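Worksheet for the structure shown next.
Derivation of every value follows stated rules applied to the coordinates shown; laboratory data play no part. Because the Cβ atoms are built from the backbone with ideal geometry, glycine has one as well, and the counts that use them run over all protein chains shown.
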Amino acid sequence: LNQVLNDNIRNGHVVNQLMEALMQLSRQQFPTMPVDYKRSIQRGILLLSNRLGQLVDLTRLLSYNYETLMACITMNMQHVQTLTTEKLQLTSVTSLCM
Amino acid sequence: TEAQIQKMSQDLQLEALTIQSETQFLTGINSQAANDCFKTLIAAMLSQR
Amino acid sequence: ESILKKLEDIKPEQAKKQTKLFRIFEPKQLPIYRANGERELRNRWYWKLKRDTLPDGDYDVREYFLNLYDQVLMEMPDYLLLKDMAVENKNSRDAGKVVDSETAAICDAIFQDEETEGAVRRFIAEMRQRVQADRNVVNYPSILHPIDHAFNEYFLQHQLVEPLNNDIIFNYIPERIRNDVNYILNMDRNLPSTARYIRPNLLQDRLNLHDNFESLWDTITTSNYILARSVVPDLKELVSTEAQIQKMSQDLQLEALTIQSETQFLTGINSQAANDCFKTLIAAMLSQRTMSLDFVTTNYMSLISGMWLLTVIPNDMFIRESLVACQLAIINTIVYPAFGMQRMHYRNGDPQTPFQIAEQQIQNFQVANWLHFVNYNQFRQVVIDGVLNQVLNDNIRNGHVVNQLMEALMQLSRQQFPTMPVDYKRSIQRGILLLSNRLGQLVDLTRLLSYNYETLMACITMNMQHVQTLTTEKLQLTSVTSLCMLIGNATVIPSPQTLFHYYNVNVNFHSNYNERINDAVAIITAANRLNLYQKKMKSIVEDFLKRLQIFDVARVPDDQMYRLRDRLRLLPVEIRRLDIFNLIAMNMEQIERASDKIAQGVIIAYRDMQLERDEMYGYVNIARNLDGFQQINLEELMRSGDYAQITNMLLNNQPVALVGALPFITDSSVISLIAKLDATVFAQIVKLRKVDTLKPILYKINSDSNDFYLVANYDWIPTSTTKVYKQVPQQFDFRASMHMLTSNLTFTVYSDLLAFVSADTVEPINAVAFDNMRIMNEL
């Protein structure tokens with residue numbers, strides 16, 4: 001028994017919607033927001049939305065390395081919430097994306 | 001990463017109102033964050049942790 | 001200075017003239033053989049390649065014709081004089097000329113040849129040029145291969161020359177300098193009928209770098225800004241600083257014991273910041289680069305001169321953070337204490353600026369319709385001469401807008417301040433006084449500022465796109481007061497020598513910008529078309545930005561190079577680089593096939609197949625087609641590498657035709673054929689699973705290079721097991737390889753067309769604005 005995901009993550013096709021949605025709000029005039037802090041956050045989204053072809057291929061590689069290495073699993077992939085937890089920092093994700 | 005922090009620090013300006021202004025950028029490492037996030041995401045999903 | 005050096009020294013172009021002919025093939029003579037392999041007593045000339053560097057793999061050949069494509073583009077002549085290459089014909093009845101030193105070397109090697117027939121030598125004596133002196137046309141004989149002649153016929157007929165006279169030099173300058181009655185030109189030469197030039201490429205922006213290329217557009221608006229500051233004229237005959245501060249202190253009546261907000265009015269009134277504000281306001285509006293604004297709110301004179309700055313210049317030139325903070329302090333200090341209203345109580349992030357929620361509260365007609373003019377003041381985008389210029393209001397360039405201004409300031413001096421002390425009323429209506437004393441010198445300064453903006457944008461050849469800049473140049477506000485208080489009398493206009501020089505640095509950059517785009521769209525199209533799938537195109541677009549000298553490539557990330565790619569790929573290839581490729585792609589088969597040290601396939605059939613006879617080899621295993629056999633693509637085999645279908649066919653000895661470019665060896669003996677040796681070289685594929693080692697064997701069995709050739713008197717016709725896939729060379733017909741080349745006899749090429757025009761100007765007292773009145777007509 002193994003745990004797998006959709007088709008749209010196995011190719012990079014879902015990132016074509018994350019583009020549109022992030023790009024959509026990169027023009028939201030942001031009412032009540034100060035224009036100083038408004039322009040800094042609308043340009044920080046276009047740091048990421050302008051990288052479409054490199055994130056479509058990144059999630060295309062991440063799904064393949066997960067797919068290939070789970071052929072060599074013998075026990076079941078039983079899913080349950082672990083008592084302790086391995087910790088992620090989102091600084092490492094921004095370093096992966098850019 | 002020397003030409004990547006350079007584009008990021010000038011595309012969003014770092015004099016606006018913020019208090020960090022250098023504590024925003026800890027993504028300068030590549031073989032120690034982008035490498036150690038790519039290993040974290042796949043090994044946590046293969047082990048279901 | 002650093003970067004204006006990088007912007008000034010962009011040389012115009014270099015006009016190439018061809019000095020050779022671009023040939024690929026050339027004749028070689030070699031032995032010929034009989035029907036049975038016996039040597040003849042003669043020789044024969046055949047077409048061979050000049051140099052052979054055809055690689056081994058199939059993928060390595062298609063990227064060799066991309067090298068050949070860029071080799072032709074570095075040799076395309078812009079013009080071509082034909083009488084420069086012509087050399088002697090040694091054997092002519094009238095001692096004629098022949099177009100090449102190599103074509104003359106071919107004629108001198110066939111004529112003194114002994115095996116040459118009679119009427120070939122008679123045809124050599126007749127090859128002679130002619131001159132049509134009235135039509136400026138000459139013709140020379142030539143000897144070229146049909147592929148080589150296709151490249152030379154294209155270089156003759158498609159070249160970039162165009163006739164020049166005096167009249168084209170008049171129409172090279174922009175129209176709005178020919179219109180202006182302040183400028184007078186003449187010239188001294190009469191150009192002949194044989195004078196040519198090359199017109200530059202002035203197509204507009206096809207990449208549209210202002211949309212998403214924000215860090216690239218920011219570097220461009222910086223370089224156009226620093227160029228424009230060195231063109232804006234220096235101010236003359238300002239009022240003396242000593243004579244102005246002394247008068248300005250008499251109207252304030254500065255006391256020594258009372259501490260006042262009036263001594264702040266004497267800050268930053270030098271003459272150096274006078275022509276600083278004059279250069280910044282014009283160059284930021286020529287390069288469309290956003291200004292930024294600061295002050296100290298204690299200085300009330302900065303707020304008075306900030307009213308005039310927001311009058312004359314549209315408010316899309318400033319960032320909102322500095323505009324709204326500046327114009328809030330105008331309203332809470334000057335306008336709102338006049339009518340007894342409260343403070344503004346303004347929110348950061350209001351959708352409306354403080355002038356917009358002030359025109360609906362104030363009941364004075366003369367103040368509020370000036371507040372409405374500043375609100376809805378912007379440019380007008382009009383395409384003037386194919387170039388998107390941005391024109392001001394007609395009331396601004398008139399200078400009439402200062403009259404709408406001063407009607408509002410005279411109302412504020414009449415208003416009593418009910419909730420404020422008498423000191424505060426006395427202190428505000430002095431800053432009105434200091435400005436109202438110079439009524440005539442503001443109408444003049446507005447008419448002078450707008451004429452220098454009209455004239456300098458006659459020389460801009462790119463679209464003035466109004467996009468707000470990332471980095472936003474800084475502007476003082478105590479330097480605006482220093483411009484208003486000491487502007488004086490002297491009208492200054494741009495000299496024609498500067499005006500002719502600002503135009504050429506815009507053309508030399510823009511024509512550089514278009515030629516580089518046409519360079520890279522040729523290579524990126526031709527690499528997706530010759531099936532180069534292992535090629536990474538960062539280095540093509542990296543060299544695109546090296547040669548546009550403005551940018552720094554070492555701090556450009558990888559995304560913008562592969563995003564610039566996907567936008568530059570949609571552009572059509574222009575007509576001159578595309579027609580070269582349709583000669584490369586058409587004769588792509590003929591050039592690869594006409595070479596030795598390569599073969600285009602191997603046939604493995606397990607029958608006894610007869611050796612073909614040729615005239616130049618004697619006997620061969622050459623097979624000219626792949627008919628009745630199965631094909632195995634070697635390149636697709638090298639890519640995946642399964643080796644399952646090729647191990648099957650080679651163990652069960654089924655007939656196979658392997659397809660792909662392959663190096664061979666030449667073996668000339670019969671005993672190496674009687675011992676069935678060619679079937680040996682294929683067992684290495686089963687042992688080691690690689691096919692790059694594979695090297696087939698080509699037999700030639702003549703009488704000469706055969707060691708003995710004696711066995712071939714037994715009435716035996718030779719027979720092999722495997723063949724190759726290759727074609728046989730073409731003979732050299734001397735008569736049919738002759739062509740005649742057409743060109744002009746003499747012309748001359750000129751560049752820098754503005755070297756012939758001398759231009760003076762009217763004396764600056766008598767300069768005339770657009771409404772046929774004067775600039776600065778005040779006494």
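Compared with the dominant Cα axis of chain C, that is its longest principal axis, helix C:496-529 is turned about 40°. Pick out, from C:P572, C:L409, C:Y33, the residue whose Cα sits farthest towards the positive end of the charge dipole of the protein assembly as shown, with +1 on the Cβ of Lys and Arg and -1 on the Cβ of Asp and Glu. It is C:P572, whose Cα lies furthest towards the positive end. For chain A, the orientation-averaged shadow of the C-alpha convex hull comes to 9.0 nm² (one quarter of the hull surface). Stretched out straight at 0.36 nm per residue, the stretch from C:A683 to C:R199 would grow longer than its current Cα-Cα span by 167.8 nm. Listed cross-link partners C:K6/C:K546; C:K597/C:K695; C:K16/C:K83; C:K700/C:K723 are compared with a 21 Å cut-off, the Cα-Cα value being larger for no pair.
Note on region C:229-289 and region A:1-66: Cα centroid distance 52 Å, given to the nearest whole angstrom.
With the cut-off at 26 Å, tell me which of the pairs C:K5/C:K536; B:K7/C:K11; C:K28/C:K90; B:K7/C:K538 have Cα atoms farther apart than that.
Cα-Cα > 26 Å for C:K5/C:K536; B:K7/C:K11; rest within.
Across chain C, the mean sequence separation of Cα contacts (distance under 8 Å, 6 or more residues apart), normalised by length, yields a relative contact order of 23 percent. Counting Cβ atoms of other protein chains within 10 Å of each residue's Cβ and taking the mean over peptide A:42-49 gives 3. Compute the separation of the alpha-carbon centres of region C:73-87 and region C:135-169 and state it in Å as a whole number. Cα centroid of region C:73-87 versus Cα centroid of region C:135-169: 8 Å apart. Mean per-residue shielding of peptide B:30-38 is 5, counting Cβ atoms of other chains within 10 Å of each Cβ.
Please work out the Cα center distance from region C:566-595 to region C:699-762, rounded to the nearest Å. Using only Cα atoms to place each centre, the spacing works out to 20 Å. Given their separation in residues at 0.36 nm each and the Cα-Cα distance between them, C:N653 and C:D566 gain 26.4 nm when the chain is fully extended. Cross-link partners for C:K425 among the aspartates and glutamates, with Cα-Cα distance under 16 Å and sequence neighbours closer than 8 places in the same chain left out: C:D251, C:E262. For region C:132-278, a Kirkwood hydrodynamic radius built from all Cα pairs, placed in the Stokes-Einstein relation at 10 °C and 1.306 mPa s, yields a translational diffusion coefficient of 66 µm²/s. Annotation for region C:320-358: trypsin sites (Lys or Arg not before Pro) lying in DSSP loop with at most 10 further Cβ atoms inside 10 Å of their Cβ are C:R343, C:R347. Helix-only arithmetic for chain C: the sum of -39500 (n - 2.57) across DSSP H runs with n ≥ 4, divided by the residue total, places the mean residue ellipticity at 222 nm at -10500 deg cm²/dmol.
For the segment A:83-95, counting C-beta atoms of other chains within 10 Å of every residue's C-beta and taking the mean gives 5.
When you filter the chymotrypsin sites (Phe, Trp or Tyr not before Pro) in region C:313-377 for DSSP loop state and at most 14 other Cβ atoms inside 10 Å of their Cβ, you are left with C:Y376. P(r) tail, chain C: Cα-Cα pairs separated by more than 39 Å, 60% of all pairs. Here the contact order of chain A, divided by its residue count and restricted to Cα pairs under 8 Å and six or more residues apart, works out to 45 percent. Between C:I665 and C:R529, the modelled labels are 4.2 nm apart [label points 7 Å from Cα along Cα→Cβ].
Among the trypsin sites (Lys or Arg not before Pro) in region C:430-483, none is located in a DSSP loop while being surrounded by at most 15 other Cβ atoms within 10 Å of its own Cβ. For the pair C:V161 and C:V768, label points projected 7 Å from Cα toward Cβ lie 4.4 nm apart.
Per-peptide packing, taken as the mean over residues of other Cβ atoms within 10 Å, places C:629-635, C:70-76, C:252-258 in the sequence C:629-635, C:70-76, C:252-258 from highest down. Take every pair of alpha-carbon atoms less than 8 Å apart whose residues are at least six positions apart; their mean separation over the length of region C:619-737 yields a relative contact order of 38 percent.
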